[PDB]
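Undergrad: turn this into a model:
(10 chains)
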Amino acid sequence: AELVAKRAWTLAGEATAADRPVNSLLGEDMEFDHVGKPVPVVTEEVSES
Amino acid sequence: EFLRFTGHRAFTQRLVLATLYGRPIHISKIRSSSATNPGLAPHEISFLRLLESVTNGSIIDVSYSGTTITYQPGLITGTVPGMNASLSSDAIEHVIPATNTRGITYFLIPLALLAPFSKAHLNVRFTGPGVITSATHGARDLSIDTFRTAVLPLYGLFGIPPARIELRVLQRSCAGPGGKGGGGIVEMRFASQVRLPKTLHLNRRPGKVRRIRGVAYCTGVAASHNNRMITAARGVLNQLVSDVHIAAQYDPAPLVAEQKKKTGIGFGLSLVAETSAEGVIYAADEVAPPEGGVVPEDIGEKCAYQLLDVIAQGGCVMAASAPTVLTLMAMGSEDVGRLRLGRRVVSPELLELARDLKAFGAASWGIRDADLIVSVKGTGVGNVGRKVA
Amino acid sequence: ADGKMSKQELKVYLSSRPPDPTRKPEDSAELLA
Amino acid sequence: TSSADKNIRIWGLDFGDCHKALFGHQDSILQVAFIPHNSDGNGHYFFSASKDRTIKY
Amino acid sequence: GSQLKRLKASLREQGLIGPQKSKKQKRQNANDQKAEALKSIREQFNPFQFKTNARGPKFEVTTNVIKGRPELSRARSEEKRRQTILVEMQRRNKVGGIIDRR
Amino acid sequence: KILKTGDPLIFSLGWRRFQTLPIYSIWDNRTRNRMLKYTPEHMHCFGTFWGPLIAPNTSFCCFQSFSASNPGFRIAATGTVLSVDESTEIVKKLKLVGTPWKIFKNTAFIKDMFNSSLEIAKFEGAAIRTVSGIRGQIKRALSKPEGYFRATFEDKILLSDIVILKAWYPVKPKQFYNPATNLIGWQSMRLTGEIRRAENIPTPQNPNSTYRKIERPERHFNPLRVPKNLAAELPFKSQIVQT
Amino acid sequence: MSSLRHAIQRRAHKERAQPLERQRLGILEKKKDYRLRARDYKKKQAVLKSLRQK
Amino acid sequence: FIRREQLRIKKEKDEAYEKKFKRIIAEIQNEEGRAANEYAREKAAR
Amino acid sequence: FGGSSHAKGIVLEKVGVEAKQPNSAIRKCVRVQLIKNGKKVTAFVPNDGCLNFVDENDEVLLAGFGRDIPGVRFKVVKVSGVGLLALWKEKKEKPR
RNA sequence: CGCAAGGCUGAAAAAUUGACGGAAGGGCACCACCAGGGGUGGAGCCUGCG
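TA: Numbers count the residues shown, from 1 in each chain, chains lettered A, B, ... in the order given. What follows is the structure:
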């Protein structure tokens, strides 16, 4: 029954915003690329140095 | 849950053989007699934490009383960058707490004999308050120098080459206040993972003990202590050997957290006698009491007397490194390997190792005369997971 | 005291690597040049 | 241990580790003395007298 | 006043910056605290370590002004993320663990 | 036939014959172990199943059904055991697909991708991409329509474009294990085609996924449109002459 | 090389079209059409920058 | 935090890979070219 | 090598199995150990997909390479008695 | 490959030119005076900072 049933939205390759439930991204653990350098936050060791 | 063991004797040997053979164990009745502190010891629960950290898929379960654990082992992965660490060259951190009385070689000997059977490398880094790099009074643990240049050449005999072993200390420490404490951090990097260890043969007589080299270390005391120890040890061994040479090592003090304190003030010595024949070395160690303040010449005479005792006693390997070489001989291929033990060398720990191997499923040992030759049939397990490219 | 070993024996023993067991103006032409 | 290099040292007398070298006088410290009784709860206190006309508790 | 001038005046009051005293003035000082005040000086004259409002309180009630440390709070939050989120990112796929019931 | 991931397979490996359901995964360019959906024709892919552990470099055979009424060539796959592990790291691409809403010069607002500002705040700074090849970055969640965001792209995207975000969702294999006890008797798990033909459900087919022929008109662009103030300010030798 | 590749190595990868629920918006611009669009815009901006310098 | 961690890990991993494979290709080319030049010298003397 | 035209060898380790780009010559090269003499030489598998047929500890015939790492002299011709191009063309199965 | 790579050790000065001021007299300032203007602060919304 699992093999014949419909694929989950994570197992479908293209998940638009109509398929999944509302805040369903917060329960997942995915990796993805980011763009650009983040800004370095000033920490106390940085200010001390 | 399946296999059943009792008692707290040879606890790390039982867990390590359980990991290597893949047989789930259940060790019951750890401290039934002790009413004050029953259950697991802190060094034992920290070894459980380290075993969970370096393995993968192992399930360890300690009971409510603390006197029974069960252990279903998994594979020894090591430091893979997806599960254990972030990078492949990254050292897996392990902290052991301040209430630790045993030396760090209590953790290193099972880890070093469980490390050639891993998938990736092992890059363990022992930090924390309770990391004593010295010998203990304790259960008379080896030092780091004793451990290194006394037992890692045995892996060199088995074909796990010591060109890739990197055991380095970054701070050194003795016990300090009572037996508890430490502070000196180490890191061990096994990069030499073998499929099957070679079936070695120690049979020829290791007659002429050619030389003695050693290490006398002082952490927190004056640096004339090792000079006085060298003069004592040379005054004992100059009746017998022209070349005894003992390095002197000195570290200021290690600092632990409470606001940091300086702990681990002590000094000790570690002699290694090298026989001209083959990889045969006899080692002995002696450390100051962590509260006593005894004479360094007393310590040098004590370690020289222990070294002459082990030289008189041992067939080929001393009884401190005899369980390691015997369990690697059991892990080797399905042939017989022949060790030459002395008749005085045979110990209750060695006998308990034999009982544990027979209980686990390795073959028995054949004992004949030549000191006695013990012959071990390998079981041919090796390491389970390795990426055959 | 004669315990001071050597730099070579220090390099084998007190290093991080454990010791393996399987070891035991003449002439005018040149001056002008 | 009161020296002529203008400081006193405190050693632990098991392993003889210096607890803290403490530079405390402007001249060469002549003498030192503990109070012997810990009946009053202060037996690890000591006086030090030096060539700069000072005692220090 | 200026921050430079008030720093010089507070250090002259604490005696850290004043004129070179003679041995007789040092005799008077040994005849007749300052770290506890130097901590307050090094906290007061470096006011950007902590977040303060300029207006003061909106409605004065009398009943018996550092309102937050952003540097210390950011370092504390980053230590919390090092202990949870980076550890889970390391042990993405790590099965089994020691079940400590005691 | 090709052999799909998820569909069961009888492995002859060691002394054991066992039916298990594997996961076929290519090693993408030696980076991430990406999960395929079929085995490649005439190519070694990695597989991953839950069975007994065998020391590696051990060859194996692999069948589909032990039936005599197979008209041709019962053995399906061959190979060798690469390694053994627990908790494999198989990974499948999940693309979050969205649509532009308002398009400025670079910053475009993208609508049909997320559902809330919480999800956008999680995916802040992520590498978003157009189908055309324009890269971009998710910048900020948008307030008034819940679920839209602002993403600054590389150049100007069009309203016809599709804006994708390529995440990698991990896929764990199932822990199924049939022994093929043939002398006693055993239940053989069927394949997906046999299941569909038995219980009468058609194969899922997306018309937006089936390939079509694309009628591209020849792209002609507008001529240059010079502004009036610039066209009146530039000098005599380069003044524009239009009757 | 070129003789060390099968016909299935040589086989072309097809291009997907615009979805049918979205075909009214025009054609789905891929890398080729994007290259044409970017070439025309860079050419027009080069002429306009030279006119602004003049 | 995940941005900073992933960028640090990506820089360290790419640097380690580049260093390791520069070493490997240099050692392989060195040994193979040494044996090839020795064989060309021993063949040209015949 | 030797006096013969082809040498035999044991595939010790496929070096460059973790290289990134698919048809890199570091990806294609394989460290083998010749039987007759005992030395470890490096040899090219002719193709990156053809690398998958070369397993560890397999008897491998290798010949010269006559024409990205210039100087690797040998190429793998047969693996375990079956020609490697035949294995790649899917004519024969490899006897193990 | 060789040197670097051996622990009277155990965490928290210079000056003939230097150190600090005071009094007098100048210059400048919508962080000063003077003359006015305008915010914020009252109610609601919300980015951000703590």
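Undergrad: any idea how far whatever residue of chain G ends up closest to chain B is from residue I:28?
TA: Per C-beta to the nearest C-beta, residue G:4 is where chain G lies closest to chain B, at 21.7 Å. C-betas here are computed from N, CA, C, even on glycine. Counting by C-beta to C-beta, to the nearest Å, the gap from residue G:4 to residue I:28 is 11 Å.
Undergrad: again, but for residue E:93
TA: Using C-beta to C-beta, residue E:93 is found at 31 Å from residue I:28.
Undergrad: of these two, who's got more company?
TA: Using other C-beta atoms under 10 Å in any protein chain shown as the criterion, residue E:93 and residue I:28 rank with residue I:28 on top: 24 against 17.
Undergrad: correct me if wrong: the more buried one contacts residue I:49.
TA: No - look at residue I:28 against residue I:49 with C-beta atoms under 8 Å: they stay out of range, at 10.4 Å.
Undergrad: quick one on the thing from earlier: need the residues touching each of residue G:4 and residue I:28.
TA: Counting by C-beta atoms under 8 Å, 6 or more residues apart in numbering or on different chains, the common neighbours of residue G:4 and residue I:28 are I:46, I:47.
Undergrad: enumerate every residue touching residue I:10.
TA: Counted by C-beta under 8 Å, 6+ apart, residue I:10 has contacts I:32, I:33, I:35, I:57, I:58, I:59, I:60.
Undergrad: among the residues you listed, name the buried ones.
TA: Buried residues within the contacts of residue I:10, counting neighbours by 16 or more other C-beta atoms under 10 Å in any protein chain shown: I:32, I:33, I:58, I:60.
Undergrad: list the contacts for the first one?
TA: If you count contacts by C-beta under 8 Å, 6+ apart, residue I:32 has them with I:9, I:10, I:11, I:12, I:40, I:41, I:42, I:43, I:60, I:62, I:74, I:76.
Undergrad: what of the last one?
TA: Under the criterion of C-beta under 8 Å, 6+ apart, the contact list for residue I:60 reads I:8, I:9, I:10, I:11, I:32, I:43, I:54, I:76, I:78, I:79, I:80.
Undergrad: parallel or antiparallel, which strands does the helix or strand containing the third one pair with?
TA: According to DSSP states H and E, residue I:10 maps onto strand I:7-13. Neighbouring strands of strand I:7-13 in its sheet, by DSSP bridges, are strand I:29-34 (antiparallel), strand I:59-64 (antiparallel).
Undergrad: circling back to that earlier point, how about CSV for the contacts of residue I:60, with distance to residue B:116 added?
TA: Output for these, formatted as CSV (distance: C-beta to C-beta, whole Å):
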residue, distance to residue B:116
I:8, 30
I:9, 27
I:10, 22
I:11, 22
I:32, 25
I:43, 29
I:54, 26
I:76, 30
I:78, 34
I:79, 30
I:80, 29
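Undergrad: show me just the buried residues among those.
TA: Burial by neighbour count, judged by 16+ other C-beta under 10 Å, picks out I:9, I:11, I:32, I:43, I:54, I:76, I:78, I:79, I:80 from these.
Undergrad: all helices of the chain, in order?
TA: Unless you meant another one, I'm taking chain A. A:44-48 (DSSP state H).
Undergrad: chain F, not that one
TA: Under DSSP H, chain F gives helices at F:117-122, F:192-199, F:228-233.
Undergrad: looking at those helices, which is buried most?
TA: Neighbour counts (mean count of other C-beta atoms under 10 Å in any protein chain shown) averaged over each of these peak at helix F:117-122, with a mean of 18.
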